[PDB]
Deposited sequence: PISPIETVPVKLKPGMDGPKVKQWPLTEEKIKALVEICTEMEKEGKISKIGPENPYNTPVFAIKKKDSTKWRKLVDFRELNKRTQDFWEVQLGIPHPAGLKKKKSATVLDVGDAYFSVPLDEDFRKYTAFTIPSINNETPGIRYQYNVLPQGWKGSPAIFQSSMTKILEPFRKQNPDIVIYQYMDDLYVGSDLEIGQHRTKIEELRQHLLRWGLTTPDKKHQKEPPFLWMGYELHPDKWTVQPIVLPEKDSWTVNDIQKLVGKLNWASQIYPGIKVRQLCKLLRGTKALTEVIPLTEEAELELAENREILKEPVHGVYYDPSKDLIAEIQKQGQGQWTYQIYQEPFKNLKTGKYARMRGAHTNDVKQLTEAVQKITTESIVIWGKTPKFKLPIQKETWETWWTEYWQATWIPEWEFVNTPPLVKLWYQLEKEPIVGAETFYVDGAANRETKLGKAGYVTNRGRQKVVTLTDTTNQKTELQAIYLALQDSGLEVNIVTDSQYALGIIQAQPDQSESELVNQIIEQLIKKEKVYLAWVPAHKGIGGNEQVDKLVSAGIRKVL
């Protein structure tokens, strides 16, 4: 059969020693029946009073039958069981797959119950079936196989399934299997019958080790609804997405919507949730009703239309290259789509991540490129060729002068407005015949000019930026500004073009307008 996986309890801990709750003579009867069958099948074994351990058991009738189901509470044993290597915590994103002529999912009936348990560990799996009549005491058992509900069952099962599957996989490279909990998904490019044939070889190979699965008659067929998706043998999409037509919206409704709207973005290009999100400002309760703004209904309405028309992503062709294309959808908003054949989208997506209170498009687009790259390596194990709306000259100019190291794969400029550029650049050397402002909230110039404005509610850092703003404000098309604020300096030297702070945006505004600006720092006192 299958090689047993040795298990141990966490160091310095003893097995579970927890009382069996009182049961109904009815439930006792049920369990005894259930447990006897199990013993006859070898899944468990009566034990002697030699075993001091115990885990509770109770009877449950699931939704549809006047028959009884057995439940054993392993919370305690689990708190006491060693950690295992994580079960598949990572999953396949649809755009990563290669299409197949046929796909078939095989539900593995009685998974865990078909796998032996480490002899030495069985003792900790002890439970008891109370006796109906008092003076006549209860039945003690221990598990011989993976206890459903136990800590290591999933991991140990996955593990075993793999060893079992290996051989077959080798005798059948023309076949692909993705294990996932109890299901087994199998794709091939074999002709229908040819495929449906192997599906049957497999079942046999599995049945060889007692594992049972559903018959062609009873199998689930593509499309495969899985993890919020709709998988066809040749294409994919997010399952069905319908937007409500309510006239009254609560913070919670809006949150759900934005959330569903978010989901869609990975495949439906152009979804926008900016205006909806705005509706959440200042909200005081989940049940608070917010009225939609002219701009928010347009968006909802616009999105509704997008979702009406289904779209479907194609699969990955490992024989062809990956192309990633990125566009600015708005300030802070970026969109991209990865395709191999022109517009033949594998995936698409957005990026709003603003890293730092201040930024410029060159910095952000670059980060966009990094997120996409990371994503790709995870899905296709390679980086895509990029199609970017920025010129190398621009890129190089920014790159070359930014303190942080950065690197963008191979990219090709694409003239798809809007084009990202630097709205301005600080002069590298002080400007001749340009007035010089010494700011500290006020300024003093080489030309005698001054303004000592006094702000209220202002922070220490925010007061510094104000001075500069003043200087900028009042100066001509060329200015030399001298400050002692290393903070302001860094901000501006970073050359942001967008900011969370209004003040900063005002300055940026001034900055774009100027002809040449030279900013310099000097020690305080």
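*Which ranges of the deposited chain go unmodelled, in order along the sequence?*
Model skips 1-3, 444-454, 540-560 of the deposited chain.
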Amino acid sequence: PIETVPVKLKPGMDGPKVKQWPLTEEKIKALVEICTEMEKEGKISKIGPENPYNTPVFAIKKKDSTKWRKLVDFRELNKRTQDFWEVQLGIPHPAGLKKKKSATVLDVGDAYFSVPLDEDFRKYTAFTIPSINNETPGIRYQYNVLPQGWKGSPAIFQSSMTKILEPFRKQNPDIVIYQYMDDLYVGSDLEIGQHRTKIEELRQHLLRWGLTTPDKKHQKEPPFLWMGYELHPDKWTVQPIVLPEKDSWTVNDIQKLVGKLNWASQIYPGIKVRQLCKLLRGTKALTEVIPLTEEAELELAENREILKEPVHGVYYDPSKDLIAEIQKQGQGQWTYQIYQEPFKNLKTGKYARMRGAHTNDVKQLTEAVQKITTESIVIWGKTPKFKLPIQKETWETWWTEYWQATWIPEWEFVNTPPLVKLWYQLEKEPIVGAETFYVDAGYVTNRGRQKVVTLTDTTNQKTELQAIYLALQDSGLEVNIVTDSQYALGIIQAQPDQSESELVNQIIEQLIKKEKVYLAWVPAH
From here on, numbers count along this sequence of modelled residues.
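*Of 449-457 and 317-325, which one has the bigger average CA B-factor?*
Looking at the recorded C-alpha B-factors, 449-457 comes out higher on average.
*Stretch with the greater mean C-alpha B-factor as recorded in the entry, comparing 362-370 against 70-78*: Taking the mean C-alpha B-factor of 362-370 and of 70-78, the larger value falls to 70-78.
_Out of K216, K284, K256, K123, highest CA B-factor residue_ = Spelled out: the listed residue with the top C-alpha B-factor is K216.
*Which one of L97, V378, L225, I164 shows the top CA temperature factor in the record?*
Going by the entry's C-alpha B-factors, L225 comes out highest.
_CA B-factor placement of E509, once the chain's modelled residues are sorted into thirds_ = Answer is lowest: the recorded C-alpha B-factor places it there.
*Pull the Cα B-factor of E25 out of the PDB entry and bin it into the chain's lowest, middle or highest third.*
For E25, the deposited C-alpha B-factor lands in the highest third.
_Third of chain Cα B-factors occupied by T55_ = For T55, the deposited C-alpha B-factor lands in the lowest third.
*Once the chain's modelled residues are ordered by C-alpha B factor and cut into thirds, is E135 in the lowest, middle or highest one?*
For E135, the deposited C-alpha B-factor lands in the highest third.
*Sort the modelled residues of this chain by their C-alpha B factor and say whether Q239 lands in the lowest, middle or highest third.*
Ranked within chain, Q239 CA B lands in the highest tercile.
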